[PDB]
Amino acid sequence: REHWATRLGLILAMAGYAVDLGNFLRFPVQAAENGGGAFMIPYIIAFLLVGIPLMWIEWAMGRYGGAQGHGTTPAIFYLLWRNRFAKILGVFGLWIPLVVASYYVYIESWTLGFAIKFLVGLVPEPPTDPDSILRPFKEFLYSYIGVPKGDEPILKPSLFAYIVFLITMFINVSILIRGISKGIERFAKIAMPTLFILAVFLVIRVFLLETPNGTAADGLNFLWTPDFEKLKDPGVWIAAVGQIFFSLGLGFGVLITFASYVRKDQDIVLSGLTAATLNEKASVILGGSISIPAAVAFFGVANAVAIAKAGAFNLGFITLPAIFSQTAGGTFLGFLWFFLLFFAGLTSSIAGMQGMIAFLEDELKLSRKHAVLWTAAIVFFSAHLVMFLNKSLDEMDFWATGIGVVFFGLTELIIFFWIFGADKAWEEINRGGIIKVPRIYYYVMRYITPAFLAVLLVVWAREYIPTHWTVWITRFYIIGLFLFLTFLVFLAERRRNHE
């Protein structure tokens, strides 16, 4: 079985997974709308009661599984719990990241395409007034995506957008086909520093931004000024717990698959805690210092609320490109920005596609080459739904990363720490550990963590159990995908009985 070569590379691959566009866009937006600096209170609390506990558990299940030649949850859940239902629930953790891959790789391709357009200077050049500056870029994006101009829910992405998507897919395949160490790990050792340099450079450049409307200091001010009165809102406490899931990448079955390449007695306690810390530093230090401050510096702290409510996607693909076009050498600033984003996604997308690569290897005994190609073929195919069907993307993201990760996360807890046995599990976590997990965490993992997750489930339920008919197409497809994965798992166990 493949293994990580260096302890360092392991951490950089894991942190590479967790560090994403959410660090630079999603996290800052959430913080600004939920108490600013006061949002750190329920965020840190969720990091300690939910994030860290769940993270160690996924590392634990991963390594425990990897030692027995299985990297995915259909096999692993069966090992912790020998039921038929256990294999079935495990499919979710093979299904979730595949659904995400169907739209993520595509969104990742946008950043690549934008980065190219910005580098060669093929971008709009306005003109005055905010709507007169934003609109040329709002249109720049819509022509790339192919946002419907009529009542039809049909996207018509440009030939360039589609071609970059191909190139992007090809780039993912290139790394993945070289394997865990020589491919993913080797790239993590290059990408993560390159990422850090780009972030710092942009951070410095943003702090020097001075416009008649404001400064970057005003941005860091508006963002970090604590509004404790919002801490009374449960919704803030829910947003924090949800954000932790998103920022760390819990409930996707990726950490599990990665940790299955960790050797049987190698440390997962300190290593995981480290990669988790790298991610959080990248969020609060780098991500919170670029997007929002620049937006406030140019549009004033007066629009700082409106900017935050405009959504993370607008901030990163319309607002920030528009601000750059109005700065000295801003067209190159746009390129660094998108190239920063592109790598941040590319380190995450190779990580998410590894789960399917692992399954085909471990359970269907495919060569790494075949597993990678058939995985790419599936992800490439499904993406056409995201590319051509309007709001298809939103529907996949709702199911896969709304119900999916929070439900499947709780399923990970119960199976490992309740069914498999809390005591056996606690040993499985701490075994070979450079440092040991604090004794108090045994209670958190057993009660507090699943309590929070259950509340997030019911709170999601009541609010979200309550769209155009075309969603049924996306629902039809993702349901079908689950069925198809169920079939492969079925074929996997029929092959094993023969041998």
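Numbering starts at 1 and follows the sequence shown.
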Our gap detector needs a label for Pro466 to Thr467. Which class matches the unmodelled residues of the deposited sequence there: none, 1 to 3, 4 to 9, or 10 or more? 4 to 9
Look at the stretch from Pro127 to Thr128 and count the residues of the deposited sequence that the entry does not model, then pick none, 1 to 3, 4 to 9, or 10 or more. 1 to 3
Between 115-123 and 226-234, which has the larger average Cα B-factor in the PDB entry? 226-234
Could you check the entry and say whether 301-309 or 360-368 has the higher mean CA B-factor? 301-309
Checking the entry, which one of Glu139, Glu108, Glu280, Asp218 has the top C-alpha B factor? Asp218
Member of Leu54, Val471, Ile44, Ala60 with the greatest C-alpha B factor (per the PDB record): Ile44
The third of the chain into which the C-alpha temperature factor of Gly150 falls is the highest
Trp418's Cα B-factor: lowest, middle or highest third of the chain? highest
C-alpha B factor of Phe207, ranked within the chain: lowest, middle or highest third? highest
Where does the C-alpha B-factor of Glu185 rank in its chain, lowest, middle or highest third? middle
Among all modelled residues of this chain, ranked by Cα B factor, put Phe408 in the bottom, middle or top third, i.e. lowest, middle or highest. middle
